[PDB]
Structures are given as structure tokens and as C-alpha cells.
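One chain follows as C-alpha cells, the form deposited in one PDB entry.
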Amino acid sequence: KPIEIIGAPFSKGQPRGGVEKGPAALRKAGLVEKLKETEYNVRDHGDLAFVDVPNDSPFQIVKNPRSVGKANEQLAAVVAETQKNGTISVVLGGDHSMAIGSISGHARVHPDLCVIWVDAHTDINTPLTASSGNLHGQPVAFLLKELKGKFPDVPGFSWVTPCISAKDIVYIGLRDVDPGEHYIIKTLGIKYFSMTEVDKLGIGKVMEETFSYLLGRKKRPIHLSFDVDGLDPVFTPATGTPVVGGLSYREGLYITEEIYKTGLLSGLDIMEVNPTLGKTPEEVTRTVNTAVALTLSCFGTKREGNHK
């Protein structure tokens, strides 16, 4: 019933910078003002203040493992608190590595939740199969149960508890996956929808199946982790890893409009909005408004109209 924006302007997740300005842009985009305008109430948790672990030594390859392990541990702590009160937790953040704290904290109250991860990537690189070391590409690794133990524990993420099985997570939009990640998902029979399947089935049937897969038997809580680079660059240019032939505005919306319809949206995740990475101030607006549009959608803003 209630909503709670938890700013998470973290950044250490990846090399490029400018992702901590995300909650700023979105909020500056009047996000909370339009969201209240829905048949929901909104409590802004305000942005979190992350402590930066000194002499953060790159564990093996993994850059900033402590700082990141920590800033995340803090989010889960906070995400678990608001969820514990029965509120949908929208997390305005920086890089997807902050999905570690989001989900975990969410998973702590509802161990049986499921994940509809929308992104053009899998972010399932273990600190081993990972080329270079930017955690914004390892989330699913720290969370998947079937993966724990298959890589060296990282300094600062021990607090985590693999909380979801491969039968609880579904991917949508994939188009730029690595050899390792591909292996891992294939090896674990994870249900996904690469842009190939979409092009084939049409976003319409993608949801019917994503839903008949995750909510077929039981009807548990849903954790939507929306990565902005999931929608074609023509719509979300202000990101770090833009990939053409992606999801469109109308698709990103059919996805959110459908998640609303279920009535199970428990925890959202709007990540990767990088204002700084806009070739023109316009690109940052196109990204910020369709990031917001998406949010509002998850809360009822249908495209056919909404009367009180």
C-alpha cells in the first residue's frame, strides 16, 4: 500500500563515474511528486550516506570489494526495515551492484520473493569468470544460491546470504552476455528472455510466460530490478553500457504496466541512470523521464488513462 524511495547514490560498482547523481536527477525530475499523485502514499527515505572503506584493496580482481560490500550491507539493512513495515521499496540508485543490498534486505523479510531482472546484461559474473573487476556485473552471483561456494568469498560481502534459486529469477531484454555468464545461466537452466525471444514472441507473451513461470504454483512477492540500459539507447542513453537493439519505451512500459496488474510489486529497482554520461543535456532528460515513466507505471499509471 505505501511506497518508500530509498536513494542509493552509490558508484564504486564500475569504472565510469556519475551514477551517484541518479537519485538527484530522478528526484529532480519530480519523481516523488508524481508518484504521490498515484493511488499510493510516498515516504522518501532520503539518500543514504555511504562510508568508504579505507585502503580498499582489490581482492584478486574485484575492485573496491570492501567499500562496495559495505555500502550494500547498509542498503539491505535499510531495505529490510521498510519492508518489515509492509511498504513497497523503490530504490533510486547508482550501479546495479546496489541490487545486492536491495534484494538481500528485501529477501530477509520475504524469503520466497522472486526476481524479474530487466536488463541487457546478466550481471552473473563470479569474482572468477569475470573479466576485469567491476561488481556492477556480479550481483546475481552473490545472490544465487546455486553459485555460493563456486568462487572466493569477497572482503565485505560475507554478510550476504544467497537468497534466490535459478527458479525464482527471470531475465528480460538480454543482448550482451559474456561466455562465462552464458555458460553459468545455461548450466543452471535459468529462465530468461533475450531480445531474440522477445522479437519472436512479442513482449506480450513474454510476460504471460514470465508470470506463468514465477507465479504459476504459488503467488509470492515480486522484486523488479530495472536496469536502465535494458531499454534501447535511443531511450536511455545516459548509462554506462549502452547496447543497441534493446527494449523500447512501449515495451519497458508493457512490462511495468503488467507488473502493476499482478498486485505483487513489493520491491522495485531503478538502477544505472548516469546523468553525466549524456552527450547532450537532452539525452539525460530522455533517460530520466522514461526512467520515471517506468516507475509511475509500476504503480498504476496505465496508458489508457487514470481517473480518481
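Residue numbers run from 1 along the displayed sequence.
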- Of 31-39 and 245-253, the stretch with the higher mean C-alpha B-factor in the deposited entry is 31-39
- Query: Which of the two stretches, 140-148 or 201-209, shows the higher mean Cα temperature factor in the record?
  - Reply: 140-148
- Message: According to the Cα B-factor stored in this entry, which of the following is highest: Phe226, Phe235, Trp159, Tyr192?
- Response: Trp159
- Residue, from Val53, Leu26, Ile259, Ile270, that the PDB entry assigns the highest Cα B-factor: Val53
- Note on the structure: Tertile call for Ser57 (CA temperature factor, within chain, third-based) is the highest
- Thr129's Cα B-factor: lowest, middle or highest third of the chain? highest
- Can you work out whether the C-alpha temperature factor of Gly300 puts it in the lowest, middle or highest third of the chain? lowest
- Query: Going by the entry, which third of its chain does the Cα temperature factor of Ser102 land in?
  - Reply: lowest
- Note on the structure: For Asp119, the third of its chain by CA B-factor is the lowest
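Below: the form deposited with a small molecule bound, not depicted.
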- Interface membership of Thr241, the small molecule in the entry with it bound, 4.5 Å heavy atom rule: yes
- Exercise: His223 in contact with the small molecule in the entry with it bound, heavy atom 4.5 Å: no
- Task: Determine whether any heavy atom of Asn125 comes within 4.5 Å of a heavy atom of the small molecule in the entry with it bound, and answer yes or no.
- Result: yes
- Message: With the partner left out here, check for me: in the entry with it bound, does some heavy atom of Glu181 sit within 4.5 Å of the small molecule?
- Response: yes
- Message: I need the one stretch from 154-162, 192-200, 82-90, 130-138 whose residues put non-hydrogen atoms within 4.5 angstroms of the small molecule in the entry with it bound.
- Response: 130-138
